[PDB]
file structure_19.cif (mmCIF, C-alpha atoms and all ligand atoms)
data_model
#
loop_
_atom_site.label_atom_id
_atom_site.label_comp_id
_atom_site.auth_asym_id
_atom_site.auth_seq_id
_atom_site.Cartn_x
_atom_site.Cartn_y
_atom_site.Cartn_z
CA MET A 1 98.63 65.04 231.94
CA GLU A 2 102.03 65.12 233.82
CA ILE A 3 102.10 61.30 234.12
CA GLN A 4 100.67 59.11 231.33
CA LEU A 5 100.44 55.39 230.62
CA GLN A 6 99.77 54.89 226.93
CA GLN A 7 98.63 51.44 225.93
CA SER A 8 98.59 49.90 222.49
CA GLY A 9 95.44 49.88 220.39
CA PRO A 10 92.60 47.41 220.25
CA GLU A 11 93.58 43.84 219.17
CA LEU A 12 91.49 41.40 217.11
CA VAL A 13 93.37 38.09 217.36
CA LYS A 14 92.66 34.51 216.25
CA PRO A 15 92.11 31.71 218.82
CA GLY A 16 95.39 29.94 219.65
CA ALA A 17 97.55 32.92 218.87
CA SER A 18 99.52 35.04 221.29
CA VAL A 19 99.24 38.81 221.78
CA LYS A 20 101.68 41.28 223.32
CA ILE A 21 100.10 44.48 224.64
CA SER A 22 102.33 47.50 225.44
CA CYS A 23 102.12 50.25 228.07
CA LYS A 24 104.44 53.25 227.48
CA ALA A 25 105.15 55.32 230.57
CA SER A 26 105.79 59.01 230.39
CA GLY A 27 106.26 61.68 233.00
CA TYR A 28 107.86 59.60 235.72
CA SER A 29 110.96 57.55 236.26
CA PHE A 30 109.90 54.17 234.90
CA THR A 31 112.25 52.05 236.97
CA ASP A 32 111.18 53.61 240.25
CA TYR A 33 107.67 52.11 240.37
CA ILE A 34 106.08 48.67 240.11
CA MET A 35 103.81 48.24 237.08
CA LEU A 36 100.69 46.12 237.70
CA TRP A 37 98.32 44.66 235.11
CA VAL A 38 94.57 44.14 235.55
CA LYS A 39 91.91 42.24 233.54
CA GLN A 40 88.35 43.50 233.28
CA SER A 41 85.90 41.14 231.68
CA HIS A 42 82.80 42.78 230.12
CA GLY A 43 81.11 44.47 233.17
CA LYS A 44 82.17 45.48 236.73
CA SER A 45 85.06 43.20 237.69
CA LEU A 46 88.75 43.95 238.14
CA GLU A 47 91.24 41.07 238.50
CA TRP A 48 94.92 41.36 239.32
CA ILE A 49 97.16 39.67 236.70
CA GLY A 50 100.63 40.35 238.08
CA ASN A 51 103.32 42.93 238.93
CA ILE A 52 106.71 43.66 237.41
CA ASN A 53 109.51 45.64 239.01
CA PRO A 54 111.03 47.36 235.99
CA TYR A 55 114.35 47.95 237.67
CA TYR A 56 115.04 44.22 238.06
CA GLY A 57 112.53 42.65 235.68
CA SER A 58 111.26 40.57 238.63
CA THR A 59 107.62 39.44 238.56
CA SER A 60 104.79 38.18 240.71
CA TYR A 61 101.61 36.66 239.36
CA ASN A 62 98.10 35.94 240.46
CA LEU A 63 97.98 32.15 240.45
CA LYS A 64 94.99 32.31 238.03
CA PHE A 65 97.18 33.90 235.33
CA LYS A 66 100.47 32.09 235.99
CA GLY A 67 101.17 30.06 232.83
CA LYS A 68 99.00 32.40 230.69
CA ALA A 69 100.43 35.94 231.08
CA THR A 70 104.08 36.99 230.80
CA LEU A 71 105.22 40.47 231.93
CA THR A 72 108.36 42.08 230.59
CA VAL A 73 109.76 45.58 230.28
CA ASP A 74 112.04 47.52 227.92
CA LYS A 75 113.81 50.01 230.20
CA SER A 76 115.33 51.91 227.28
CA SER A 77 111.86 52.84 225.97
CA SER A 78 110.06 53.02 229.34
CA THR A 79 107.58 50.41 228.09
CA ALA A 80 105.91 47.53 229.93
CA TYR A 81 104.53 44.55 228.03
CA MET A 82 102.05 41.83 228.79
CA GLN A 83 101.99 38.76 226.55
CA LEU A 84 98.99 36.38 226.65
CA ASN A 85 99.35 32.93 225.12
CA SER A 86 96.96 30.28 223.75
CA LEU A 87 94.17 32.77 223.36
CA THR A 88 90.53 31.81 223.61
CA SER A 89 87.20 33.65 223.73
CA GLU A 90 87.51 33.75 227.56
CA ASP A 91 90.51 36.12 227.13
CA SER A 92 88.38 38.73 225.36
CA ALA A 93 88.40 41.61 227.89
CA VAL A 94 89.84 45.02 228.58
CA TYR A 95 93.34 44.94 229.98
CA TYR A 96 94.89 47.79 232.01
CA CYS A 97 98.36 48.60 233.09
CA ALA A 98 98.65 50.75 236.22
CA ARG A 99 101.44 52.23 238.24
CA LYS A 100 101.68 51.09 241.86
CA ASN A 101 103.22 53.35 244.46
CA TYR A 102 105.16 52.22 247.56
CA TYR A 103 103.83 54.77 250.10
CA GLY A 104 100.19 53.85 249.49
CA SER A 105 100.53 50.48 247.76
CA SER A 106 97.83 51.99 245.53
CA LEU A 107 97.27 52.25 241.79
CA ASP A 108 97.72 55.98 241.20
CA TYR A 109 97.97 56.25 237.38
CA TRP A 110 96.23 53.92 234.92
CA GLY A 111 96.54 53.25 231.26
CA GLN A 112 93.51 53.88 229.02
CA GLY A 113 93.02 50.13 228.54
CA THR A 114 93.40 47.80 225.61
CA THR A 115 90.40 45.84 224.32
CA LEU A 116 91.27 42.31 223.19
CA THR A 117 88.83 40.42 221.02
CA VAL A 118 89.62 36.79 220.32
CA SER A 119 87.73 35.67 217.22
CA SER A 120 88.16 33.84 213.93
CA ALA A 121 86.11 36.62 212.18
CA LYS A 122 87.36 39.35 209.72
CA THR A 123 86.52 42.49 211.84
CA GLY A 138 89.69 30.00 250.11
CA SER A 139 93.04 31.51 251.15
CA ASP A 140 92.64 34.65 248.99
CA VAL A 141 91.05 37.62 250.72
CA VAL A 142 87.51 38.21 249.52
CA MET A 143 86.20 41.75 249.27
CA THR A 144 82.40 41.93 249.51
CA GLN A 145 80.92 45.24 248.44
CA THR A 146 77.39 46.31 249.20
CA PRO A 147 75.16 47.41 247.70
CA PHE A 148 76.04 46.16 244.21
CA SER A 149 73.86 48.98 242.86
CA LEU A 150 73.14 52.36 244.41
CA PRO A 151 70.55 54.38 242.45
CA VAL A 152 70.19 57.86 243.88
CA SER A 153 68.72 61.27 243.18
CA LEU A 154 71.22 63.96 242.38
CA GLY A 155 72.21 65.66 245.60
CA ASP A 156 71.71 62.62 247.79
CA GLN A 157 74.27 61.28 250.23
CA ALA A 158 75.62 57.87 249.22
CA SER A 159 77.32 55.24 251.40
CA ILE A 160 79.11 52.18 249.99
CA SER A 161 80.40 49.33 252.21
CA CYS A 162 83.30 46.97 251.69
CA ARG A 163 83.91 44.00 254.02
CA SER A 164 87.08 41.85 253.85
CA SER A 165 87.26 38.14 254.77
CA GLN A 166 90.38 38.82 256.83
CA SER A 167 91.73 41.87 258.61
CA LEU A 168 93.46 44.32 256.31
CA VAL A 169 95.94 45.49 258.96
CA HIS A 170 99.48 45.07 257.56
CA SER A 171 102.68 44.25 259.46
CA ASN A 172 103.52 47.97 259.55
CA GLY A 173 100.22 48.85 261.20
CA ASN A 174 98.79 50.53 258.09
CA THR A 175 95.65 49.28 256.37
CA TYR A 176 95.97 49.00 252.59
CA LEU A 177 92.35 49.46 251.63
CA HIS A 178 91.68 51.72 248.64
CA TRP A 179 88.75 53.00 246.63
CA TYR A 180 88.62 53.50 242.84
CA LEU A 181 85.95 55.09 240.62
CA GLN A 182 85.52 53.94 237.03
CA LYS A 183 83.38 56.42 235.15
CA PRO A 184 81.49 55.09 232.18
CA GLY A 185 83.91 54.36 229.32
CA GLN A 186 87.09 55.27 231.23
CA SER A 187 89.80 53.54 233.22
CA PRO A 188 89.47 53.25 237.02
CA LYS A 189 90.95 56.20 238.95
CA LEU A 190 92.20 56.34 242.50
CA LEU A 191 89.96 58.17 244.97
CA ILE A 192 91.02 57.07 248.42
CA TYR A 193 94.10 55.26 249.62
CA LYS A 194 94.85 53.65 252.97
CA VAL A 195 91.22 53.85 254.14
CA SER A 196 90.80 57.57 254.47
CA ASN A 197 93.43 59.52 252.46
CA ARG A 198 92.04 61.45 249.55
CA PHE A 199 94.19 61.27 246.44
CA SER A 200 95.32 64.49 244.69
CA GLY A 201 92.42 66.28 243.16
CA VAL A 202 89.67 64.35 244.83
CA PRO A 203 86.99 66.59 246.36
CA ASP A 204 86.20 66.72 250.04
CA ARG A 205 82.73 65.31 249.46
CA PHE A 206 84.39 61.88 249.37
CA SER A 207 85.33 60.40 252.72
CA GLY A 208 86.61 56.94 253.61
CA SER A 209 86.39 55.25 256.98
CA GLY A 210 86.60 51.92 258.75
CA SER A 211 89.04 49.52 260.23
CA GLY A 212 89.94 45.85 260.32
CA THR A 213 87.46 44.17 258.05
CA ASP A 214 84.73 46.82 257.63
CA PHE A 215 85.09 49.96 255.49
CA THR A 216 82.79 52.64 254.15
CA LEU A 217 83.06 55.24 251.38
CA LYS A 218 80.68 58.21 251.81
CA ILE A 219 79.78 60.78 249.16
CA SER A 220 78.11 63.80 250.78
CA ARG A 221 76.15 65.26 247.84
CA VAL A 222 76.22 63.20 244.64
CA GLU A 223 76.82 64.98 241.35
CA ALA A 224 77.13 63.77 237.79
CA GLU A 225 80.91 63.55 237.83
CA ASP A 226 80.62 61.00 240.69
CA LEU A 227 78.60 58.48 238.66
CA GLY A 228 80.18 55.19 237.66
CA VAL A 229 81.33 52.00 239.33
CA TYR A 230 83.18 52.18 242.63
CA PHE A 231 85.63 49.39 243.53
CA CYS A 232 87.31 48.73 246.83
CA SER A 233 90.66 46.96 246.74
CA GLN A 234 93.10 45.54 249.27
CA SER A 235 96.87 45.26 248.89
CA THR A 236 97.75 44.16 252.40
CA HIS A 237 97.63 40.56 251.28
CA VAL A 238 98.86 38.82 248.13
CA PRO A 239 97.07 38.22 245.82
CA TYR A 240 95.70 41.69 245.68
CA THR A 241 91.94 41.66 245.39
CA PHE A 242 89.02 43.85 244.43
CA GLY A 243 85.38 44.11 245.46
CA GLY A 244 82.69 43.37 242.94
CA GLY A 245 81.80 46.97 242.38
CA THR A 246 78.95 49.34 243.30
CA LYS A 247 77.25 51.09 240.40
CA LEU A 248 76.24 54.61 241.43
CA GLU A 249 73.61 55.91 238.99
CA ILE A 250 70.68 58.24 238.86
CA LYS A 251 67.13 57.09 239.38
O1 LIG B 1 110.15 54.64 249.91
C1 LIG B 1 110.38 53.71 248.86
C2 LIG B 1 111.52 52.77 249.21
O2 LIG B 1 111.24 52.19 250.49
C3 LIG B 1 112.32 51.39 250.95
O3 LIG B 1 113.53 52.15 251.05
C4 LIG B 1 113.44 53.19 252.04
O4 LIG B 1 113.26 52.63 253.34
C5 LIG B 1 114.36 51.81 253.73
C6 LIG B 1 114.01 51.22 255.08
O5 LIG B 1 112.84 50.42 254.95
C7 LIG B 1 115.65 52.62 253.79
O6 LIG B 1 116.76 51.77 254.18
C8 LIG B 1 115.92 53.20 252.41
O7 LIG B 1 117.10 54.03 252.42
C9 LIG B 1 114.71 54.03 252.00
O8 LIG B 1 114.90 54.56 250.67
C10 LIG B 1 112.56 50.23 249.97
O9 LIG B 1 113.68 49.43 250.41
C11 LIG B 1 112.81 50.75 248.57
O10 LIG B 1 112.90 49.63 247.67
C12 LIG B 1 111.68 51.68 248.15
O11 LIG B 1 112.00 52.28 246.88
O1 LIG B 2 98.73 42.36 262.94
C1 LIG B 2 98.00 41.61 261.96
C2 LIG B 2 98.95 40.73 261.16
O2 LIG B 2 100.00 41.55 260.63
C3 LIG B 2 100.91 40.84 259.81
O3 LIG B 2 100.27 40.16 258.75
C4 LIG B 2 99.48 40.98 257.86
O4 LIG B 2 100.34 41.70 256.98
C5 LIG B 2 101.09 40.85 256.10
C6 LIG B 2 101.97 41.72 255.22
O5 LIG B 2 102.86 42.50 256.06
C7 LIG B 2 100.20 39.96 255.23
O6 LIG B 2 100.95 39.16 254.31
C8 LIG B 2 99.33 39.13 256.16
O7 LIG B 2 98.48 38.30 255.41
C9 LIG B 2 98.55 40.09 257.05
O8 LIG B 2 97.67 39.42 258.00
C10 LIG B 2 101.65 39.80 260.66
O9 LIG B 2 102.62 39.07 259.90
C11 LIG B 2 100.60 38.83 261.21
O10 LIG B 2 101.19 37.86 262.10
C12 LIG B 2 99.57 39.61 262.00
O11 LIG B 2 98.57 38.69 262.40
MG MG B 3 116.27 58.04 242.44
#

call {"tool": "encode", "arguments": {"input": "structure_19.cif", "output": "structure tokens", "more": "lines below"}}
Ligand SMILES: OC[C@H]1O[C@H](O[C@H]2O[C@H](CO)[C@@H](O)[C@H](O)[C@H]2O)[C@H](O)[C@@H](O)[C@@H]1O
Ligand SMILES: OC[C@H]1O[C@H](O[C@H]2O[C@H](CO)[C@@H](O)[C@H](O)[C@H]2O)[C@H](O)[C@@H](O)[C@@H]1O
Ligand SMILES: [Mg+2]
result
Amino acid sequence: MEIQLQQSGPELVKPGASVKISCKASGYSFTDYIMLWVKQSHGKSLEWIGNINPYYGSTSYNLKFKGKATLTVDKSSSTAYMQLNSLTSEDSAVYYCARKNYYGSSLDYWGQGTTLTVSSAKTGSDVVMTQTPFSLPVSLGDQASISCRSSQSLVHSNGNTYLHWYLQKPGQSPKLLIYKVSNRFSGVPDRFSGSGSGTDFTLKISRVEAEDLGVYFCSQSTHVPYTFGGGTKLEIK
């Protein structure tokens, strides 16, 4: 489209080795936005790895990944890189790069993901986001409501509430639906509505259709580390 994040291809890497995955940005000024990386282990689970500010090369990591992941950029080629060291089978996962905006603190454009397979073969301070239900089977046309509760208030210093909703359709990268509780992102239909305050938030879908099916994730970026809910799989009965 206008903006694209193009990640490198799938990687089959031996245990102990390192891998360096790339994310080429096109369609926007690379140095004007934070680039964030996310791990998704086989299923419904997004984890923040870290951020890089391409203008300075400055980084912040999720403690879980500090010592494991190294983020760099090449400004001349508008490319972000994530290196992972001392690889084991636990690193096998899909990795995404995503652009983070300032106005929403939300992840507005995502890479397509890179699958890493690590094999020898030939071919309580963090804020917890509790999403319910974990599974929402419906009939087409039904209304759907998904809840997200945070362990601490999501109200930021500036009075805004950095609670966002993403939809990951089967086989695709997550996409931004709602930012800052209730703001629909460009292109998102009016059947989606977000509400709530403090610690309790709700995403409503007024009449479910096939394009709505997938896994919904809430996320908060008020607090560092950024965190994600466990997902709600919306599917047809
Ligand atoms: O809107 C993105 C930028 O926000 C800040 O900069 C703006 O707001 C500042 C006051 O908080 C003004 O002084 C500044 O002129 C504005 O551009 C932030 O400092 C920037 O890093 C962001 O790019
Ligand atoms: O009014 C609620 C709190 O607002 C601020 O703290 C929140 O926003 C911070 C980022 O600006 C977060 O790091 C923090 O974890 C949030 O709780 C303010 O600093 C707090 O004193 C207020 O309790
Ligand atoms: Mg400028």

call {"tool": "residues_near_ligand", "arguments": {"input": "structure_19.cif", "ligand": "ligand MG 3 (chain B)", "cutoff": "12 Å", "atoms": "only C-alpha atoms and all ligand atoms", "output": "list in words"}}
result
residues 28, 29, 30, 31, 32, 33 and 55 of chain A

call {"tool": "closest_residue", "arguments": {"input": "structure_19.cif", "among": "A:170, A:163, A:100, A:66", "to": "ligand LIG 2 (chain B)", "atoms": "all atoms listed in the file"}}
result
A:170

call {"tool": "closest_residue", "arguments": {"input": "structure_19.cif", "among": "A:49, A:143, A:94, A:158", "to": "residue 63 of chain A", "atoms": "all atoms listed in the file"}}
result
A:49

call {"tool": "closest_residue", "arguments": {"input": "structure_19.cif", "among": "A:207, A:72, A:22, A:83", "to": "residue 8 of chain A", "atoms": "only C-alpha atoms"}}
result
A:22

call {"tool": "closest_atom_pairs", "arguments": {"input": "structure_19.cif", "of": "chain A", "to": "ligand LIG 2 (chain B)", "cutoff": "10 Å", "atoms": "all atoms listed in the file", "output": "tab-separated table"}}
result
residue	atom	partner	partner_atom	distance
A:139	CA	B:LIG2	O7	9.7
A:140	CA	B:LIG2	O7	9.4
A:141	CA	B:LIG2	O7	8.8
A:166	CA	B:LIG2	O8	7.4
A:167	CA	B:LIG2	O8	6.5
A:168	CA	B:LIG2	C9	6.7
A:169	CA	B:LIG2	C1	5.3
A:170	CA	B:LIG2	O4	3.5
A:171	CA	B:LIG2	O5	3.8
A:172	CA	B:LIG2	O5	6.5
A:173	CA	B:LIG2	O1	6.9
A:174	CA	B:LIG2	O4	9.0
A:175	CA	B:LIG2	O4	8.9
A:176	CA	B:LIG2	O4	9.6
A:212	CA	B:LIG2	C1	9.3
A:235	CA	B:LIG2	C6	8.9
A:236	CA	B:LIG2	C7	5.6
A:237	CA	B:LIG2	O6	4.7
A:238	CA	B:LIG2	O6	6.5
A:239	CA	B:LIG2	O6	9.4

call {"tool": "residues_around", "arguments": {"input": "structure_19.cif", "residues": "residue 120 of chain A", "least_positions_apart": "3", "cutoff": "12 Å", "atoms": "all atoms listed in the file", "output": "VMD selection string"}}
result
chain A and resid 12 to 17 87 to 89 117 123

call {"tool": "residues_around", "arguments": {"input": "structure_19.cif", "residues": "residue 96 of chain A", "least_positions_apart": "2", "cutoff": "9 Å", "atoms": "all atoms listed in the file", "output": "list in words"}}
result
residues 7, 23, 36, 37, 38, 39, 40, 94, 98, 110, 111, 112, 113, 114 and 187 of chain A

call {"tool": "closest_residue", "arguments": {"input": "structure_19.cif", "among": "A:199, A:215, A:148, A:179", "to": "residue 233 of chain A", "atoms": "only C-alpha atoms"}}
result
A:179

call {"tool": "residues_around", "arguments": {"input": "structure_19.cif", "residues": "residue 116 of chain A", "least_positions_apart": "4", "cutoff": "6 Å", "atoms": "all atoms listed in the file", "output": "VMD selection string"}}
result
chain A and resid 11 92 to 93

call {"tool": "closest_residue", "arguments": {"input": "structure_19.cif", "among": "A:58, A:101, A:165, A:234", "to": "ligand LIG 1 (chain B)", "atoms": "all atoms listed in the file"}}
result
A:101

call {"tool": "residues_around", "arguments": {"input": "structure_19.cif", "residues": "residue 205 of chain A", "least_positions_apart": "4", "cutoff": "9 Å", "atoms": "all atoms listed in the file", "output": "JSON, numbers by chain"}}
result
{"A": [218, 219, 220, 221, 222]}

call {"tool": "closest_residue", "arguments": {"input": "structure_19.cif", "among": "A:178, A:247, A:24, A:99", "to": "residue 159 of chain A", "atoms": "all atoms listed in the file"}}
result
A:247

call {"tool": "atom_distance", "arguments": {"input": "structure_19.cif", "atom1": "atom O5 of ligand LIG 1 (chain B)", "atom2": "atom CA of residue 59 of chain A"}}
result
20.4 Å

call {"tool": "atom_distance", "arguments": {"input": "structure_19.cif", "atom1": "atom CA of residue 115 of chain A", "atom2": "atom CA of residue 183 of chain A"}}
result
16.7 Å

call {"tool": "axis_aligned_box", "arguments": {"input": "structure_19.cif", "around": "segment 159-163 of chain A", "padding_each_side": "4 Å", "output": "JSON"}}
result
{"center_x": 80.6, "center_y": 49.6, "center_z": 252.0, "size_x": 14.6, "size_y": 19.2, "size_z": 12.0}

call {"tool": "residues_around", "arguments": {"input": "structure_19.cif", "residues": "residue 43 of chain A", "least_positions_apart": "2", "cutoff": "12 Å", "atoms": "only C-alpha atoms", "output": "list in words"}}
result
residues 39, 40, 41, 45, 46, 47, 93, 94, 182, 184, 185, 228, 229, 244, 245, 246 and 247 of chain A

call {"tool": "atom_distance", "arguments": {"input": "structure_19.cif", "atom1": "atom CA of residue 198 of chain A", "atom2": "atom CA of residue 240 of chain A"}}
result
20.5 Å

call {"tool": "build_atoms", "arguments": {"input": "structure_19.cif", "residues": "segment 141-155 of chain A", "atoms": "N, CA and C atoms", "output": "mmCIF file, keeping the file's coordinate frame"}}
result
data_model
loop_
_atom_site.group_PDB
_atom_site.id
_atom_site.type_symbol
_atom_site.label_atom_id
_atom_site.label_comp_id
_atom_site.auth_asym_id
_atom_site.auth_seq_id
_atom_site.Cartn_x
_atom_site.Cartn_y
_atom_site.Cartn_z
ATOM 1 N N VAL A 141 91.913 36.757 249.957
ATOM 2 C CA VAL A 141 91.050 37.620 250.720
ATOM 3 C C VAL A 141 89.917 38.071 249.823
ATOM 4 N N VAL A 142 88.702 37.856 250.277
ATOM 5 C CA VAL A 142 87.510 38.210 249.520
ATOM 6 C C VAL A 142 86.976 39.536 249.981
ATOM 7 N N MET A 143 86.735 40.437 249.026
ATOM 8 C CA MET A 143 86.200 41.750 249.270
ATOM 9 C C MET A 143 84.747 41.787 248.806
ATOM 10 N N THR A 144 83.828 41.975 249.758
ATOM 11 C CA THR A 144 82.400 41.930 249.510
ATOM 12 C C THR A 144 81.906 43.356 249.614
ATOM 13 N N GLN A 145 81.429 43.903 248.494
ATOM 14 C CA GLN A 145 80.920 45.240 248.440
ATOM 15 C C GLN A 145 79.428 45.269 248.393
ATOM 16 N N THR A 146 78.830 46.153 249.180
ATOM 17 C CA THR A 146 77.390 46.310 249.200
ATOM 18 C C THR A 146 77.036 47.787 249.259
ATOM 19 N N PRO A 147 75.976 48.219 248.589
ATOM 20 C CA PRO A 147 75.160 47.410 247.700
ATOM 21 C C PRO A 147 75.881 47.192 246.392
ATOM 22 N N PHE A 148 75.446 46.238 245.568
ATOM 23 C CA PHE A 148 76.040 46.160 244.210
ATOM 24 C C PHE A 148 75.584 47.310 243.299
ATOM 25 N N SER A 149 74.442 47.909 243.641
ATOM 26 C CA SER A 149 73.860 48.980 242.860
ATOM 27 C C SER A 149 73.303 50.001 243.834
ATOM 28 N N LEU A 150 73.629 51.252 243.590
ATOM 29 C CA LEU A 150 73.140 52.360 244.410
ATOM 30 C C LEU A 150 72.529 53.456 243.524
ATOM 31 N N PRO A 151 71.237 53.301 243.193
ATOM 32 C CA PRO A 151 70.550 54.380 242.450
ATOM 33 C C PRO A 151 70.249 55.485 243.420
ATOM 34 N N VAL A 152 70.460 56.729 242.997
ATOM 35 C CA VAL A 152 70.190 57.860 243.880
ATOM 36 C C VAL A 152 69.531 58.955 243.076
ATOM 37 N N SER A 153 69.065 59.966 243.794
ATOM 38 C CA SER A 153 68.720 61.270 243.180
ATOM 39 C C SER A 153 69.917 62.154 243.298
ATOM 40 N N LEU A 154 70.154 62.993 242.283
ATOM 41 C CA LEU A 154 71.220 63.960 242.380
ATOM 42 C C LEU A 154 71.086 64.769 243.648
ATOM 43 N N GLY A 155 72.209 64.981 244.336
ATOM 44 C CA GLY A 155 72.210 65.660 245.600
ATOM 45 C C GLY A 155 72.145 64.795 246.840
#
